[PDB]
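Listed here are the chains, written in short residue letters.
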Amino acid sequence: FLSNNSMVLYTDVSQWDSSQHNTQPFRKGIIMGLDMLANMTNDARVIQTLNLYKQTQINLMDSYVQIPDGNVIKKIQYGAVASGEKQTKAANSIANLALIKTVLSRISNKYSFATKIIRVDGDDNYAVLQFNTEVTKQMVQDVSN
Amino acid sequence: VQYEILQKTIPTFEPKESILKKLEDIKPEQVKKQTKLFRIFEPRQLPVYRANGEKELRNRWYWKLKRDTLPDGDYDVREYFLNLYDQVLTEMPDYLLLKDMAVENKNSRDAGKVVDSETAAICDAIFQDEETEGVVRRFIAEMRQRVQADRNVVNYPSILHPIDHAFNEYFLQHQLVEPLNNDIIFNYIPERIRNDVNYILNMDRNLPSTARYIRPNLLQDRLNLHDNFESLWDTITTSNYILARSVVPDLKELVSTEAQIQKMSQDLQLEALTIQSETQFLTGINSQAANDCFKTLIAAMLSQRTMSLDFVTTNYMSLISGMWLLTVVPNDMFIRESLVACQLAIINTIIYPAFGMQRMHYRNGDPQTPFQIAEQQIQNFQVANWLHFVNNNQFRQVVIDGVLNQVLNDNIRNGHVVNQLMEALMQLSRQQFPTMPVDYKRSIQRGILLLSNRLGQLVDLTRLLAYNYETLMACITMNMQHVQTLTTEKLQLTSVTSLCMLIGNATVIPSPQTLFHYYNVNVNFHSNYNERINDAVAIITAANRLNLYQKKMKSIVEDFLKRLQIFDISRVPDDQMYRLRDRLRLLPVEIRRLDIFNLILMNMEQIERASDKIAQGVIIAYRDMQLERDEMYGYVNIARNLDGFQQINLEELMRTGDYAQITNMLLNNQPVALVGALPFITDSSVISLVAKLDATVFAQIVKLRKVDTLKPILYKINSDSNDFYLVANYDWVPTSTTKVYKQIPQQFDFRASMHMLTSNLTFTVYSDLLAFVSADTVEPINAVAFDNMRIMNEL
Amino acid sequence: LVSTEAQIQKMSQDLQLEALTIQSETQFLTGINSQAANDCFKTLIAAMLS
Amino acid sequence: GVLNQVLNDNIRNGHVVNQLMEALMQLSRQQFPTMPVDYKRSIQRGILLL
Amino acid sequence: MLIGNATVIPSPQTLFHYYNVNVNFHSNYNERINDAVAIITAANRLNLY
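Residues numbered from 1 in each chain as written, not as in the entry; some residues may be left out. Chains lettered and ligands numbered in written order. Part of a larger assembly, values for the part shown. Heavy atoms only, no water.

As recorded in the entry header, the structure was determined using cryo-EM to a resolution of 5.2 Å.

1. Regarding the overall build of chain C
Heads up, the condition is: Secondary structure counts use DSSP, requiring at least four H or I residues in a row for a helix and at least two E residues in a row for a strand, with both numbered from the N terminus. Throughout, exposure labels follow a simple rule: accessible area from a 1.4 Å probe, protein chains only, divided by the maximum for the residue type, with under 20% read as buried, over 50% as exposed, and the rest as partly exposed. Using a 1.4 Å probe, accessible areas were evaluated by the Shrake-Rupley method; residue-level cover was limited to the displayed protein chains.
When helices and strands are counted, chain C shows 2 helices and 0 strands. Its C-alpha atoms give chain C principal-axis dimensions of about 45 × 20 × 15 Å. Here chain C holds 50 residues, and 22% of them are scored as buried. Accessible area of chain C: about 3300 Å², with a carbon and sulfur share of 59%.

2. A closer look at the pattern of salt bridges
Residue and element names in this part refer to chain B. Condition: The rule for a salt bridge is simple: a side-chain nitrogen of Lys or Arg has to be within 4 Å of a carboxyl oxygen of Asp or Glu.
Under the criterion given, the structure shown has 37 salt bridges over all chains. Measuring nitrogen to oxygen at the nearest pair gives 2.3 Å for the salt bridge that ties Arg413 to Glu470. Here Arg413 is found in the loop between strand 13 (403-407) and helix 14 (417-429), whereas its partner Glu470 is found in helix 16 (residues 455-473), with 57 residues between them in sequence. Of the two residues, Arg413 and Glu470, both sit in the buried class. The salt bridge involving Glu628 is made with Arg640; its shortest N-O contact spans 2.9 Å. Here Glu628 is found in strand 17 (residues 628-629), whereas its partner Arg640 is found in the loop between strand 19 (638-639) and strand 20 (647-649), with 12 residues between them in sequence. On the accessibility criterion, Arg640 (35% relative accessible area) is partly exposed. In this structure, a network of salt bridges that share partners links the residues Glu531, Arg532, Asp535, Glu590 and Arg593.

3. Topic: the interface of chain E and chain C
Under the convention used in this document: Should any heavy atoms of two residues lie within 4.5 Å, those residues are considered in contact. What counts as buried area is the accessible surface, traced by a 1.4 Å probe, that two parts surrender upon association, with contributions from both included. Pairing of N or O atoms within 3.5 Å defines a polar contact, subject to two protein rules: one partner must be a possible hydrogen donor and the other a possible acceptor, and residues neighboring in sequence count only if both atoms are side-chain atoms. Note that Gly is not counted as nonpolar here; it falls among the polar residues with everything else outside the nonpolar set of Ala, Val, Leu, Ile, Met, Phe, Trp, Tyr, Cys and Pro and the charged set of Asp, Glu, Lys and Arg.
The partner chain C presents 7 residues to the 4 residues of chain E that form the contact. Taking both sides of the interface into account, the surface hidden between chain E and chain C amounts to around 540 Å²; carbon and sulfur atoms contribute 73%. The three residues of chain E that bury the most area against chain C are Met1(E), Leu2(E) and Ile3(E), which together make up 85% of that side's buried surface. Between the two partners, chain E and chain C, sit 0 residue pairs in polar contact. Residue composition of the side of chain E that touches chain C, grouped by class: 4 nonpolar, no polar and no charged.

4. Some remarks on unusual backbone geometry
Of note in the backbone geometry, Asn505(B) takes a positive phi value of approximately 40 degrees without being a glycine. Inspection of the secondary structure assignment puts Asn505(B) in the loop between helix 17 (493-501) and helix 18 (512-544). The exposure class assigned to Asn505(B) is partly exposed, which follows from its relative accessible area of 47%. With phi around 60 degrees, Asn47(E) is a residue other than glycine that occupies positive phi space. For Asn47(E), the position within the fold is in the segment after helix 1 (12-45).

5. Digging into the interface of chain B and chain A
The interface is formed by 20 residues belonging to chain B together with 22 residues belonging to chain A. Carbon and sulfur atoms supply 58% of the area that chain B and chain A bury against each other, a total of about 2000 Å² over both sides. At the boundary of chain B and chain A, one finds 0 salt bridges. Across the chain B-chain A interface, the total number found is 7 residue pairs in polar contact. Looking at the side of chain B that touches chain A, the elements with two or more residues in it are strand 1 (3-6) and helix 7 (230-245) of chain B. With 4 residues, the single largest contributor to the side of chain B that touches chain A is strand 1 of chain B. Of the residues in the side of chain B that touches chain A, the class split is 9 nonpolar, 4 polar and 7 charged.

6. Let's talk about helix 16 of chain B
Defined as follows: Given a helix with a known number of residues, its expected span is that number minus one, times 1.5 Å.
The end-to-end C-alpha separation of helix 16 of chain B is 27 Å, in line with the 27 Å expected for 19 residues at 1.5 Å each. Of all 19 residues in helix 16 of chain B, 18 are buried, a share of seventy percent or more.

7. Structural notes on the arrangement of the chains
In this assembly 8 pairs of chains touch, with chains A and B having more contacts than any other pair. The smallest C-alpha distance separating chain A from chain D is 18 Å, and no contact links them. In this assembly chain A lies apart from chain E, the nearest approach of their C-alpha atoms being 15 Å.

8. Describing the packing of aromatic side chains
Stated formally: Think of it this way: a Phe, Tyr or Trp ring, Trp meaning its six-membered ring, pairs with another when their centres are within 6.5 Å, and the plane angle makes it stacked under 30 degrees, edge-to-face over 60, tilted otherwise. As a reminder, the over-ring test applies to NZ of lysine and CZ of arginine, requiring each to be within 6 Å of the ring centre and within 35 degrees of the ring normal.
Following the criterion strictly, the structure yields 17 aromatic pairs over all chains and no others. Note on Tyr80(B) and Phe81(B): the rings are 6.2 Å apart at their centroids and 85 degrees apart in plane angle, and the pair reads as edge-to-face. With relative accessibility at 24%, the residue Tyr80(B) sits in the partly exposed group. These aromatic residues form a ring-pair network of at least three members: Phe41(B), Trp63(B), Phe139(B), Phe748(B) and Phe750(B). If you follow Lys116(A) out to its NZ or CZ, it ends over the ring of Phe1(A), 4.0 Å from the centre. Its end group placed over the ring of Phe127(B), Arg137(B) keeps NZ or CZ at 5.4 Å from the ring centre.

And the structure:
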């Protein structure tokens, strides 16, 4: 759907690991989802697994980090998300998806477009969109700002 | 060795979190047992002043309020009374035994007992006073507890205000307990379960008539919540579905999967060197899905939750078992587009090519499903009667025992519909495929033979499902509506074939403990539903009969949903709450709440005449009127009739600030009355009386318009006022402008405030009613259905 | 104003606009947000007055 | 001496809108013959929202 | 879809502001019109062509 009437916003998201949107809301959202899912089952083994996974997300919400510097060792408060996990990749894809879905409800205050495609792969993401009319420089600039 | 630290400020997200439960963990209720006797007034010694104002060597007991805490402004007073109504309803008890709270009178002739510690305290105080009459001591000596144990009844003395008597007597005469016998234990159980010889019931107890029990409120949906509150309905539907999954039995010994599937393998004559569509028939013929389908189907059909299909058209056996499914189960029970697509596929690759027809030219939004048009396109007696049945397959909505029921045909229950279908299939097997090759015949006919060699087992399976379905239908309290849901369950037809292919001569029936659990949970939910409805209806009908105009009817509904610990209050909007409110307005109130509110209505003003912090208004007539004699004050600036002068409401002035009238009346000294809740101060002087200060307070109101820095004066005069020699010597009747609109306290009548509260003696109350019942099932082979004929018999 | 997420909930679950295109095509809700309602309220009023 | 673009005075209060919502509820209650079924229930419920 | 139970009306200060502003604009409009007209007519009466 690339055309003279369409545009595409593409964006690198590789620095968004220490960010303020990978802390508390992400984990608590997942915890809430687990609560819903817990109320969506009857078996007990599963609920045990879910409560343990929940508590895992609790522990990942507050997490300190061994780092040497010469001989002595620093340990820093890092209650957020990064790679190095069975969950991190797909979960980061999710989180970037949720983030961009959250961002994307603001161009709608000033433009009419039909979201044709959104894509997220790790350290980047891009969405293409087509308009009711043809594109100009001023609309791209103002949209960008 | 050393460790180093780098601390870090952060934000903190704060959800609402909408605390949930599931049905099995919902606790039923906790009864209100009574605390102290719900007093509103209490006595108090005050001095007393004889007429001419001077003082006795004696005191007197007067009624006063407990907790004078009332606000300024009538709106806030109506708020107070809303809170008061809420408190009494929060304190309204269900049952009460008086002996637990009773105590001993220290002054009874016969050494008898009384009801409360404070009653006897008052008695003792009045006993130890030097200046109290002998008659109240005589009264205290005659007052005792009476008993008639043939009837299990007691009558205890109490001393309390007449309104208090009204409340407590209402509690006595409307305490919801009934005599309990085993006949009521029986008749609380449904008829269908008593009429079922596959469950046997007994108990090892004989309760007495001294026992008691609370009857649940299993009243129906006043609100029609199936009508356009579809989010909650989908939630509820899932919330019953999950409950239903908890109670379907796990299957007993099934036939060996590998052996049955070895037989399938032998009967198919596969080849290791071809693609063979037949191969896909084996997709998902495991155990653990047979059980899954068995649970999912039944829990859906009981919960009235729609369900959707996922199926790959390359697997024809999936379709071939979905045939049976869609035949024996109605079509509106599934979501429309799924089974439309599935039936359409089935037609366009098994059926119309056998009799030599076009595939189809079927529309997406066809107002007819393909089977309806196909009822008339075909030429086949069996299939045509079959399609007629299909078109007229639907539930029967019938109200039995108060609850609605989606009852089957009574030709579906007993599996006979399958004979029409299977006869049609026999007359299809015998067909040639004039258009299509012989390998395709071979594949199709072989697949349908795998299901045609299980005729009896499928009939028995359907009958078994039907039995458990009706048996669980009988254990419902909430009426079961037929309206399509938002959300489905993805059903795999591989699990259906797994179900249909692994069964023989073993029956699963719900254990009675599971039944009783399901029933008690449904009971508790329904009773919670009705009681919270009744609560909320009470508050709404209260608030609309009181002009609580600033109040915003959102938090009430939020509390209503919070007490139902399964809903998402943080993500329900306001419009839905308000529509729920709009329906709630039109409902009748229950008898308890309606009566209590009527009492409170008729007596709130009388209650308001008390509370000696605020007076109900003030007149100003620029004239030196006379003062009235009283005997707890002396001469006071008090009014009690309000005749003459025209009255301005002050809450009306706060609402509609128009100070033109009052201002005009003040410059030109025009007389007026002023109505509205108001403080005062108690000026015990004299020099602030003659100077006529209580008119000085209002001239700021024209300067600064805010009527909040408004504090009237109260001109109290007595023998404890530092200047009472004046009234003795100078011989002047006091006179004052600006009387106050107020009533005096009511003198305390010891005789008439005494009452005798009557109640039962020593009953017991039981809640978990089916704990006394022991229950068991017949042997599963020795079962029997409605038709008086063994299900699960074909071998 | 009303919290957006409630309306998001009910629209999102009852519509299933996720489902109501091709499943392999892109569809979802659109801005219910704040700073658009009052934007509209200003736009409308100022245009009708002018 | 100033011009004004005024309303019908049954609009300044909302009373004429009752007739609108009766019509809209009726439109909800009707089928959409050509239309699909998933898309119809979705549309009907989206109308019933307002 | 997000509104209910919160009334916002113009402050009296806002009303007064918007009235003074509109008054000033209209008054400026009429005064400069009259001035412009006068200067034009005076330029056309002294035969300054």
